[PDB]
Amino acid sequence: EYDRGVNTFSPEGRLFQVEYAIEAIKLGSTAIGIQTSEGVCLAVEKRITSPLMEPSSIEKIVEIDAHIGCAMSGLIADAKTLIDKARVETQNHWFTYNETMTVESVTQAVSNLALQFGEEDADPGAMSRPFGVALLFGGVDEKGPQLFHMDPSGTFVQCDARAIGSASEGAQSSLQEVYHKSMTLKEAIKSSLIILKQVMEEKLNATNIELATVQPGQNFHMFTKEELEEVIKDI
Amino acid sequence: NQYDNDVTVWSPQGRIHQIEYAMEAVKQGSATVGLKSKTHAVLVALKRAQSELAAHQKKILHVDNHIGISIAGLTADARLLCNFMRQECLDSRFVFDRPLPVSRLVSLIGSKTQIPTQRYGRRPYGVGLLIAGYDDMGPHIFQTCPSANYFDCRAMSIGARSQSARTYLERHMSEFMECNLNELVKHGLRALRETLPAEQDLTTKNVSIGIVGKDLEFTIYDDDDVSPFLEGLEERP
Amino acid sequence: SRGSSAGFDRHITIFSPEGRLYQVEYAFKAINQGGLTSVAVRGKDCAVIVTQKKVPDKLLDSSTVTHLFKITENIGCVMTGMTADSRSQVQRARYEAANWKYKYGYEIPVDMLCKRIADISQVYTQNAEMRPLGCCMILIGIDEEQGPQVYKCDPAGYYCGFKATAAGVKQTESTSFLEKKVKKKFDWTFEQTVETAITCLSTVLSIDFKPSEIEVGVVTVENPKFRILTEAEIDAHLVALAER
Amino acid sequence: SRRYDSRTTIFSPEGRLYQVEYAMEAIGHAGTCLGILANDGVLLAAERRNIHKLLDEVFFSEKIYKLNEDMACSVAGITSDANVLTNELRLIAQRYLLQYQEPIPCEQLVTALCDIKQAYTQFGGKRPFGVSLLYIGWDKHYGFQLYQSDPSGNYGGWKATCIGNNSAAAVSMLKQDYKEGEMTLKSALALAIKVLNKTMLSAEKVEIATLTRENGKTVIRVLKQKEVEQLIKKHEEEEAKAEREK
Amino acid sequence: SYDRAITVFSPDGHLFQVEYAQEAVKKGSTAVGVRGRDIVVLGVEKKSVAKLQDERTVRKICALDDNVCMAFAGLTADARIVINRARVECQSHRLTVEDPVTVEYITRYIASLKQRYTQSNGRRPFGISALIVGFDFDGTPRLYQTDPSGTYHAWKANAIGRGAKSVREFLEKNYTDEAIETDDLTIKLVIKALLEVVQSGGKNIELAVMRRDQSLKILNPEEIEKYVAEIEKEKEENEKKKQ
Amino acid sequence: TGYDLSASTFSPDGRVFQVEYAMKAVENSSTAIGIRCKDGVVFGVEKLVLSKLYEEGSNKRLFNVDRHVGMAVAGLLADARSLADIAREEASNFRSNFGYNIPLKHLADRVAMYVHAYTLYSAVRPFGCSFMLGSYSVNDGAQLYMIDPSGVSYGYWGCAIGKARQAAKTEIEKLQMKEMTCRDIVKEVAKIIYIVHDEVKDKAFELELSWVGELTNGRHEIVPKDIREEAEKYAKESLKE
Amino acid sequence: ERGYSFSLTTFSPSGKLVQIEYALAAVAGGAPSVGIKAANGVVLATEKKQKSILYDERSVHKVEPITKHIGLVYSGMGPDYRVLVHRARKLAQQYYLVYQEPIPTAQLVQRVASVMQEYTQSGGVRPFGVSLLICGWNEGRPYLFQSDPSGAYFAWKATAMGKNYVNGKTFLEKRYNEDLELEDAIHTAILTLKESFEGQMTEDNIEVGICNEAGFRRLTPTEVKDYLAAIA
Amino acid sequence: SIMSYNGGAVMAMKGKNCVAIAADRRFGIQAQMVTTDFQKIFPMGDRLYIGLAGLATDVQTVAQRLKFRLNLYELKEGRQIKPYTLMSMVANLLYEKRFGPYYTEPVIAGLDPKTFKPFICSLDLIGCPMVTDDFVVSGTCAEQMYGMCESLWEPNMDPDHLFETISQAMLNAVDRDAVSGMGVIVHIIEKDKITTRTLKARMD
């Protein structure tokens, strides 16, 4: 309703719009990121809605830069502006400093947009509402592999393993049950796919999920259907 | 009700409910304590972890060689204010080639955060700050609020359950001036521990420290760098 | 209908079903909140404004408490209603008169100044985002052609010249008294005009004024400069009134 | 201020734009306008509502506006809104002529105006224009053309159409009386007179404009009282014969 | 200017304005798209055929460039705005990249425009959904769908507008490798899908086809009637087979 | 009843309730008093100390708005600091344009009009502070003005703002300040502040003293520490007896 | 503050712009005004009753010249009328500056009506609460126009506005005649005012202006006195 | 010099109940001829014409913008423009570019739409108007045209005599100017008809 401005605090000290946007996150398809010493693995349920749809057109994991990928959950159309800002940020950083932006810096630059919405004293081009999407930025910088979570409130945090989206509760509990700091990238990929298979409704197969990894050696890499098939076979 | 949705609406009692709600935003945050001696200013922040696998949210930030801050409340507003403060200090060093005195920075913060509390469609900043600084007048602890009021404190604590920390600080403030750095940090840590529940305890993961002084630029200690300060701490009652 | 209302017509300046602007009427009511009354009378070769002076606190600096203002050396005014609204309007009138002289090379006539202020007020009555000012302005001055001039503008943007007028709580009774006085005759001398204004105020308030309870400002064809009388002159007038 | 804002350009829970629907409701009560396309011309016929005996006539017509050498329109709805839109139409036509040095094709003019209307329905917080327009024109791409546009910014081309009061009954009559591809200006005028007679006639109560081509030039002409009186009398005697035959 | 926030979150995390725009889309006439091997077919329900209307002026199928065309369902005027923006963008892409747009590129542009209108002050969302079909320069046929929220997907076959649910269920049961082996069968699949919803016959149907390397081709009513007659022959013969 | 939500809305009685509510905010604040004497102006403030954690001198309610002009405030402190910045800008701009110290009456009028501008619109809310301006000059004498949230400005011989303004005014009216010096007036101000202070409800308080007069050569400044100690001793002795 | 950007005049479910109807109610509650177009001129007359004798009746005029050849009068709200008079004079001068010719009456009426329309759609304003009668003389011809709060304008031979204007229009229908001269038109206009007038009419109770070849001019109290003596 | 870039000459002349307007036909760039049929006289009404000399681009731009403004004026007013009003409109248009002026000096010739009274006038490039009772000229060969017209013009000429006078003036004037000529076009405007003629002229 319009009884309140978008910048109205609740009596409990929270912005109404941000809390509603978080509620919106809780309707997205489930994504899971796991950070290990050998790299970061991102996975996301595609949620095919019709067999006439082309699963390849569902892009839930995108490349921010050769060393940074992002998984997203919630209102995916809202994520496009944030993804473009992150990409432009990394390329501006490379242009100015002749070096690669750290995952934390990219996450910070994106999170600085979360609360930049409002109505009065706002020029055209101003956002009228918060973004209804949560992001998992996985990457590899001088500090090794890094996994970061950002939500609509602009708060971002480094995580060892994080689940976002509709089933994030059970997914997070399982991740806590299975994660150890010494696990290998293969172990993390297998565990993430097991958790996704568990929390998903449709049977997990090579077409209805997305899986990417970032490693110190290789750049951001999206698993092909055959690699996905090989990983799924051992589950 | 009809008085508790906009910052430009006075209630019949002479209050502005939106500002009080932003105060609540601050009161929800995790506790942080600031205190000082004749030579040092210390911030000790209890950091929260949203999940057992997530890193604890950073609560202490750099502003300038002589100024650091601890934040409690909305972290995006905290980042906005920190960026503004950093730019102010940079402007001072650029124009006058001298560090910005802490009190003047606090006054600028006050003006900046008061402006939106009077304009339709704007909201108060939802963050409280503890500001530790050192300048020609010595060390300083300041507390800034969403109401745009600021206070110059011998010691302060803000955030959830910070009343216990304030009780400890009121009890022990007589000793802070003649404390060495280690005793000062230990007092800060005991005050912060008073905010903790019985089950929780101070560790090297959920504690961060910030120290500034005459010959010490503002330094943030995290993780194992906190172990030296925690080592001498006794067991809580 | 009668006093009917639709939508937000009681909160902002939009027409009610009867074609009324309730906020303007409420500004007129706000004029009376001050509790004071002023009267203006036009003589043959003079114009006079008298007004109540109230200083309930002896700690107030009585010199600073006044409702008479110089707009120009030859134009004076008495303001009635909300004090801060009145001061803003006086500032605007002074600006308008100075700008007029700067742009056209002669002093603004009283009628033209009143028209300009009234036009500003009218704007307040058609744009919804601001309220009308809760004050009424009475201007006096000598026009080289028309002679003495008394003009009044109100929060509705309506203005008019007058032979005599009043503003404030006792406006209606003041107007009745002055109507009788002007009906009997109108060709007053300076002393006669001052005494008529004072008698109007005293009768409507039922008080017999000490010099310090009222303020008097005058323009005359002999001395067109706006002049505020001193307690000595006011007491002379009050004694010359009591004796008769 | 949020409290007083009408929120003109928002959807309703059923996917409707209430201000646009209300503007169309306003048009429904305005004076009847009808357009008929023929092989050798196109006509507009409008019911005059300014029928008071003390009104003076000073203008080219009451409801028909020339837009450019080759195009005219009639308006049903809010009169002052219609004046705004006719001025904008004339400006658009002249801008096109300045840029290209040819007259604007009719559909391009209609589309340019409908873009303005649609804009008023999507942003800015203003009430929409409460006007529907009938356009008649000629261009070299499609010949004689008749268009209709409404407050939503929707528009369409027609062989015959009606807006304003009793438009539904007039449309039914046209559906049952219009001979596609077999209409002349004369039979079109007869049909217009019949339809206006049903959805209501006398000469002073209707204005009729015709648009034709003469020697590679477009002629827009408002029929004088003599011609309209003759048309009404011809319809009256036609109806008398039809009644007598039965 | 006017800078109210129109699209805002509601307590359950829903954007009511986007949902109401989607209701408006569901009020539109049904549009169907099928992606063939060498042909992409768009059909639209020409609802309420008025004998007096000039059909050329109310076509819901349009060309964006030589290789991309679009059908839509919802508010016609909003669709006109979006189509004009997309045409300008296609020409800009030709100017700056010196090649034609991919179907995905202009689809992304339109979806981004819509998303922008769901998150900017003083604007309501576009009340249209679009099917964008075309051929990439390398020859691949493409069918995409966009909705008011600014999300878009690629489809093998799809429907939008009123009765899109039933049409989509029919296309699920009928889209096969055999059913799109030839241009005739692709066109007949589109016609059958529309006939499952349209009130009566091929009178109420507008059909356009795009073949590889060729421009948009509108099927005239005679061709549509011949195809409908073939469909009725097939239906009768197969029902006789069943009996 | 809907009429009291915006400063651009008159109630049916011709009142602007948002301004009255701002004035209530002023009324719920600790008191400050200004006293004009023959030689200058003295300001006293009862700064409530809400915790011992605060450094002495925190949240000062006396400001220097110009070399020759001091300002004492009551109400929302942040609003008061904003108005002090406005007053400082006005004084500095006046010196820049006209080349001399702004007269106190003119400064008060300018700041009062700035305050008034916030009482007319729904876009902004009225200021929640009242304040006094004090000055002393050779040419103008001693001047004391008070401005309230409605923008009304008046000159005074003695003024009290805050929650105990009426009792403080009753006490001030007992002084013949017109024939007194600043040296005695500081003691009287301390005594009045101590009298009106509520020892039970308000807990502890600091006395803030400032003055501007002949003895300061027209410069507004905090009262020297020894003078304040003497004044507070006198006030406590007056209270105890 | 900056003004509200949204329109305060919007459509009702019945299709009415109710704020325009309410502004028209304000107009209908105004003081009566009359216009009559004669063969050789136009007369505008209006009741000018003051609340009390204290009012300097000759300080504010209701009949205003826009140009040498154009005058106008109103029914409704006076301050709104002053706004429109100022706008009309500005518009006429702009036309003169571009075309070096006195603005035709119809063109002036169209421009003023355009302004009035703008105030029915722009953000944060109400419509003008006045109706105008505009009289002019050009091309050797007199013109009488009425312009309403909605921005719609009509050409009249004779009309009445304000309180009791329906009876005035019936009276004008009965009395009016296209062939009558200007003096007969003045007599008829004053008679129309008399129908809805309270108390005795004096040269100070009503205001009259006339437009003819020479130009538009407000009649003097002495001329109105002569016409009133003749009317009796 | 900027207005000699393309050359050209127009002239208008007043008869008894008629006007004449004539122009040379050459479009060239400095010394090079490009075409010999460039239009410099534009209809603005049934009996109202404007001739434009000077820079060819500005000739075309001014004619087009004037037609824009005139079309809007005649739609809004519902009447043909009078010659004096057209002169004022052109003056306003040119003065709007007071510091960026169009490089053309128009002449106007017409009859009153209601009275059919002859009108001619000329304007400088920033729009100063000059109404005359005999003749006006504009272009590179202004001095030559002035000589011819001052010598040949007589009051109250009938259309045939006006034609001969303006024709001889134009032909002999342009014969002494290098960058004007290549033909002459003449329009005689009368109450009942417009007669357009092209003259036998030197083509060097």
Side-chain angles (χ1 to χ4, degrees), chain A residues 6 15 17-18 20-29 31 33 40 42 44 58-94 101-118 122 125-139 146-159 162 164-165 210 212 214 220, chain B residues 74-76 79-80, chain E residues 5 7-9 13 15 18 108-109 111-121 149-152:
Chain A
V6 297
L15 306 173
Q17 281 298 300
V18 169
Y20 302 168
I22 286 152
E23 307 250 62
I25 304 321
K26 295 203 295 277
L27 301 200
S29 91
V40 187
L42 305 158
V44 61
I58 301 159
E59 290 185 28
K60 300 261 175 97
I61 296 172
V62 297
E63 175 181 343
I64 301 304
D65 201 5
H67 70 293
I68 303 169
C70 180
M72 60 194 101
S73 199
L75 306 180
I76 305 295
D78 285 357
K80 315 233 169 86
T81 279
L82 304 173
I83 295 318
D84 190 79
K85 173 54 146 37
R87 285 167 172 171
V88 165
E89 210 83 1
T90 60
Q91 289 318 308
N92 287 348
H93 192 94
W94 171 86
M101 214 169 167
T102 59
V103 187
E104 180 167 6
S105 274
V106 172
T107 311
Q108 185 167 67
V110 173
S111 305
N112 281 341
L113 308 191
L115 296 197
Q116 273 180 46
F117 61 89
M127 309 269 93
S128 77
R129 56 154 176 97
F131 300 86
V133 60
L135 305 168
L136 294 171
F137 290 103
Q146 293 218 98
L147 179 64
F148 279 85
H149 174 260
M150 181 218 81
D151 59 48
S153 73
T155 299
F156 67 96
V157 62
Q158 195 280 132
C159 329
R162 180 59 94 90
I164 53 164
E210 253 167 326
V214 189
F220 171 89
Chain B
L74 323 184
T75 65
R79 281 206 305 286
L80 272 191
Chain E
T7 313
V8 302
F9 286 99
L15 304 174
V18 172
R108 201 197 318 134
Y109 179 84
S112 179
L113 164 62
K114 289 172 176 191
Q115 192 286 329
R116 216 140 63 238
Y117 271 64
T118 77
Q119 212 186 352
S120 40
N121 284 319
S149 72
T151 67
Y152 67 97

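Just the heavy atoms: all of them, side chains too, but no hydrogens, waters or symmetry mates, feed the values below. Order of the sequence lines sets the chain letters (A, B, ...), proteins ahead of strands, with each chain counted from 1.
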Regarding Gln115(E) and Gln119(E), is there a side-chain donor-to-acceptor distance under 3.5 Å anywhere? yes
Apply side chain to side chain contact (heavy atoms under 4.5 Å, CB included) to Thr107(A) and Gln158(A), showing your working. CA-CA 10 Å; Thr107(A) 311; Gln158(A) 195 280 132; over 6 Å; no
Using the rule given for side chain to side chain contact (heavy atoms under 4.5 Å, CB included), can you reason through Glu63(A) versus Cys70(A), listing the C-alpha separation, both sets of side-chain angles and the distance that settles it, and then say yes or no? CA-CA 6 Å; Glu63(A) 175 181 343; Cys70(A) 180; over 6 Å; no
Could you check if a side-chain atom of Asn112(A) sits within less than 4.5 angstrom of a side-chain atom of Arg79(B), using non-hydrogen atoms only? yes
Atom pair NZ/CG of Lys85(A) and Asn92(A) - distance to nearest 0.5 Å: 9.0 Å
State whether the side chain of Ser105(A) and the backbone N or O of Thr102(A) hold a donor-acceptor pair below 3.5 Å, judged by distance alone. no
To the nearest 0.5 Å, tell me how far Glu104(A) CD sits from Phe148(A) CZ. 4.0 Å
When you compare the side chain of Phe156(A) with that of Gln108(A), does any pair of heavy atoms fall below 4.5 Å? yes
With a 4.5 Å heavy-atom cut-off, do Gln146(A) and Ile68(A) have their side chains touching? no
In this structure, CG of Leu75(A) is separated from OG1 of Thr151(E) (nearest 0.5 Å) by 9.5 Å
Any chance you could measure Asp151(A), atom CG, to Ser73(A), atom OG, to the nearest 0.5 Å? 12.0 Å
Considering only NZ, NE, NH1 and NH2 on the basic side and carboxylate oxygens on the acidic side, decide whether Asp78(A) and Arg129(A) come within less than 4.0 Å. yes
I need the minimum non-hydrogen distance between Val214(A) and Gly69(A), along with the two atoms involved. CG2-N, 4.3 Å
Please report the closest heavy-atom contact between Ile61(A) and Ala71(A), naming both atoms and the distance. CG1-CB, 4.0 Å
Heavy-atom pair of closest approach, residues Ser153(A) and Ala76(B): O-CB, 3.9 Å
How about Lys60(A) and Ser29(A): does a side-chain donor come under 3.5 Å of a side-chain acceptor? yes
Before giving the answer on side chain to side chain contact (heavy atoms under 4.5 Å, CB included), spell out for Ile64(A) and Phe137(A) the whole-Å C-alpha distance, their side-chain angles and the decisive distance to 0.1 Å. CA-CA 9 Å; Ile64(A) 301 304; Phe137(A) 290 103; 4.1 Å; yes
From CZ (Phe117(A)) to CG (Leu15(A)), nearest 0.5 Å: 6.0 Å
Tell me the closest heavy-atom pair linking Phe131(A) and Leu113(A), and the distance in Å. CE1-O, 3.6 Å
Compare every heavy atom of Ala134(A) with every heavy atom of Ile164(A), then report the nearest pair and how far apart it is. CD1-O, 3.6 Å
Would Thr155(A) and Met150(A) count as a side chain to side chain contact (heavy atoms under 4.5 Å, CB included) here? Give the steps. CA-CA 6 Å; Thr155(A) 299; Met150(A) 181 218 81; over 6 Å; no
Taking atom types as modelled and ignoring hydrogens, do the side chains of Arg108(E) and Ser112(E) form a donor-acceptor contact shorter than 3.5 angstrom? no
Member of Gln91(A), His93(A), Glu89(A) meeting the side-chain contact (heavy atoms from CB on, under 4.5 Å) criterion with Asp65(A): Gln91(A)
In terms of heavy-atom contacts, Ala79(A) and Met72(A) come closest through CB-SD, 3.4 Å
Whether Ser120(E) side chain and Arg116(E) backbone form a donor-acceptor pair below 3.5 Å: yes
State the CZ-CG distance between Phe9(E) and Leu15(E), to the nearest 0.5 angstrom. 4.5 Å
